[PDB]
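Values quoted throughout were computed directly from the atomic coordinates according to the rules given, and no laboratory measurement underlies them. Reconstructed Cβ throughout: ideal geometry from the backbone, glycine too, with neighbour counts over all protein chains shown.
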Amino acid sequence: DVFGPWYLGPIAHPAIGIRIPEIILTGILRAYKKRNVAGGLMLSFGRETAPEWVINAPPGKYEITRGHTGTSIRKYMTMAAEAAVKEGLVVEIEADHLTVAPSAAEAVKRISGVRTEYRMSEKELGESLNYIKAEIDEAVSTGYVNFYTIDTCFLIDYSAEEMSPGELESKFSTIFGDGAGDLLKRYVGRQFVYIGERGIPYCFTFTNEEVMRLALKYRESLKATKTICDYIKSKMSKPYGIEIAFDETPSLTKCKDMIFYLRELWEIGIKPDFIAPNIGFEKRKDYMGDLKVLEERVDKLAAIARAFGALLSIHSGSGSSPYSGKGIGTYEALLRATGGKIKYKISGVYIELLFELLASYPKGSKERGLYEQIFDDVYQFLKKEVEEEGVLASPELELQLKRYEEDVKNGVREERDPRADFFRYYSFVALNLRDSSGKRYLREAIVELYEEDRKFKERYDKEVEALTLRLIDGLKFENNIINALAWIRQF
C-alpha cells in the first residue's frame with residue numbers, strides 16, 4: 001500500500017500552499033480524497049516559510065517578510081506528511097521557490113507589481129545560497145521532502161541582450177574558452193522541432209549571436225542552480241524531483257530561452273520534471289489577456305518542456321477572488337494546450353478566503369472583530385513601513401495606501417474593505433505581526449477561533465474543500481493518482 005509522502009514524478013497534479021496548516025489541511029485533504037487525487041502540499045522557501053530559527057527568532061531580528069506565515073519548514077512538512085498518513089492519502093511534500101534573493105522583501109516586491117532593479121553583491125549571493133542550504137537541511141531532517149522548486153531568476157543578466165556584438169563576442173570567448181565552439185554547435189544551424197498537443201510542429205533555429213546572448217544571460221542562473229542541485233543531491237537518501245521557477249521575470253518566457261535553458265541544464269546533468277514559464281499570469285488577478293494567444297503560447301511551451309521529459313508548472317494560479325478560479329475560459333485553454341498534463345499552483349488564495357469569510361460576519365460578532373483587528377493592524381503596520389522607510393516601503397505601496405484612503409473619503413469603497421488593493425497584496429503580514437511578549441497574536445487568534453469554535457471550523461473547512469474542488473474539477477486532476485502510481489512503481 002502506497003500512502004504518505006511520495007515523489008510523484010513528471011505527472012499532472014495540483015500543488016497547494018498551506019500557510020496555516022492547522023486550519024487548511026482538513027479541507028484540502030477532504031477534496032484530495034474525494035476526487036482520488038495525488039496532490040502536492042508546499043510553502044515558498046523565499047517568502048511564506050523559513051527555518052525554525054527564523055520563525056522562533058525574537059521580534060525585529062528578521063524582516064516581517066521572511067517566513068511571513070509563521071509556519072516553519074519542519075512544521076508544514078511534518079503536519080502535511082502526518083495528516084496524509086492518517087487519511088491514507090498519497091501526497092507530495094514540496095519545497096516551493098528556493099529563491100536566490102537579497103531579501104524576502106525583494107522576492108515579495110517581485111510578485112506585488114513593485115519595480116526595484118536591485119542588483120545582488122557577491123556576499124549577498126553567498127549568504128542567499130547558505131540560507132537555501134540551511135532551508136534544505138531542515139526539509140531533509142523531517143524525512144518527508146519529495147520535491148524542490150529552484151528559483152534563480154534574480155541572477156538573470158538582462159544586459160546580455162543589449163551588449164554590442166563586439167562586447168558580446170569578447171565576453172563569450174573569455175568565459176567559455178575552449179568550450180565555446182561546442183556550445184555553439186549544440187544549437188547553431190539546427191532545426192529544432194517540437195510538436196504540441198494540437199499536432200502543430202513548431203520550428204526554431206538559432207544564430208551564433210542568439211546563443212552567445214542566451215549563454216551570457218543565463219550563466220549565473222545556471223551555476224547557482226547547479227550548486228543548489230548538487231547540495232540537494234548530497235543530502236537526499238530518497239528519490240526527488242526538481243522544478244525550475246522561470247516565472248517571476250519582467251516579460252513573457254520566450255520559446256528559445258526555454259529550449260536553451262532546459263538543454264544547458266541537461267548538459268550538466270539536471271533534468272527538471274517541471275518548468276514554470278511566465279505566460280502572463282499575475283498574482284491576485286484573473287487572467288487579463290487574450291485566451292487564444294494564451295493557448296498558442298502554452299501549446300508551444302508545453303511541447304518544448306515535453307521533449308525534456310517535463311511538464312509546465314503554472315504559478316500565480318489563483319485569480320481575482322477565492323471564487324473566480326483564474327477567469328472564465330482560462331482553465332479550458334490551459335487544458336487544450338497541455339492535454340491536461342500540467343502542474344498547477346495556488347497558495348495565498350486560502351488566506352484571502354479566510355479573511356473575506358471573517359469580514360462577512362456582522363459587526364458585533366467576534367469573527368468580524370477579529371477581521372477588523374487584522375485589517376487595522378495591517379493598515380497601521382504598512383503605514384508605519386512607508387513613514388519609517390521599512391523593508392516593504394515603496395511608491396507603489398504608498399499609492400495603494402492613498403488610493404484606499406481617498407476611496408473611503410469619497411465613499412467609493414467602504415472602510416475595512418478586504419478588496420482594497422493594499423490589503424489583497426499585503427494582508428500576508430498579519431500572520432507575522434507580534435505582540436509585546438513576542439507572539440504572533442493574529443495567527444494565534446485565527447487558530448484559536450478555528451480550534452475552539454465548531455461553527456467557524458465547519459464553515460471554513462467547507463469553503464477550503466470547495467475551493468480545492470473547483471481547482472481539481474476545473475483542471476481535470478480527478479484520478480491523477482493513476483500516473484503517480486505508475487511512476488512510483490518503476491522504483
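Structural remarks
- Three-way shape call for the stretch 358-462 based on the alpha-carbon gyration tensor, with the a/c threshold at 1.5: oblate
- The residues 266, 487, when put in order of fewest to most other Cβ atoms within 10 Å, stand as 266, 487.
- Between 224, 183, 249, the Cα set farthest toward the positive side of the dipole of the stretch 179-263 (charges on each charged residue's Cβ, about the Cα centre) is that of 183.
- Secondary structure note: in the chain, about 10% of the DSSP beta bridges are antiparallel.
- Near residue 74, once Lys and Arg are set to +1 and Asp and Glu to -1 for all other residues with Cβ below 13 Å from its Cβ, the sum equals -4.
- A dipole drawn for the stretch 127-174 from +1 and -1 charges on Cβ atoms has a positive end, and of 173, 159, 130 the residue lying farthest that way is 130.
- Helix 122-141 axis, angle to the chain major axis (alpha carbon atoms, nearest 10°): 70 degrees
- Net charge of Cβ neighbours under 12 Å - reference residue 59; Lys, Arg +1; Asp, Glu -1: +2
- Relative contact order (%) - criterion: Cα under 8 Å, at least six apart; region: the stretch 337-491: 19 percent
- Part-to-part distance (alpha-carbon centres) for the stretch 301-366 and the stretch 235-257, which is given in Å: 18 Å
- About the Cα centre, charge dipole magnitude for the stretch 358-462 (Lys/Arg +1, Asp/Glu -1 at Cβ), debye: 440 debye
- Partners for residue 363 among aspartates and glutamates (Cα-Cα distance below 16 Å; same-chain residues under 8 apart left out): 372, 376, 414, 415, 417
- Folded to 0 to 90 degrees: helix 349-359 orientation relative to the chain principal axis, Cα: 20 degrees
- Shape category assigned to the stretch 282-425 from the gyration tensor of Cα positions, a/c cut at 1.5: prolate
- For the residue pairs 86/235; 223/384; 109/300; 123/326; 383/439, the alpha carbons lie more than 32 Å apart in 223/384; 123/326.
- The magnitude of the dipole of the chain, with charges of +1 and -1 set on the Cβ of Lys/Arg and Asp/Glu and taken from the Cα centre, is near 1200 debye.
- Potential lengthening between residue 439 and residue 470 on full extension [0.36 nm per residue; Cα-Cα distance subtracted]: 7.7 nm
- Efficiency of FRET between residue 268 and residue 193 - r from beta-carbon atoms, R0 25 angstrom, step 0.05: 0.55
- Among 426, 446, 456 the positive-end extreme of the charge dipole of the stretch 358-462 (Cβ point charges): 456
- Residue exposure sequence - 72, 436 - by fewest surrounding Cβ within 10 Å: 436, 72
- Between residue 233 and residue 452, the simple label model (points 7 Å from Cα in the Cβ direction) yields a spacing of 5.2 nm.
- Percentage relative contact order, the chain, counting C-alpha pairs under 8 Å, at least six apart: 21 percent
- The chain: angle of helix 366-387 to the longest principal axis, Cα-based, in degrees nearest 10: 50 degrees
- Three-way shape label, the stretch 80-139, alpha-carbon gyration tensor, a/c 1.5: oblate
- From helices alone, the chain scores -15500 deg cm²/dmol at 222 nm; the rule is -39500 (n - 2.57) for each run of n ≥ 4 DSSP H residues, then divide by the residue total.
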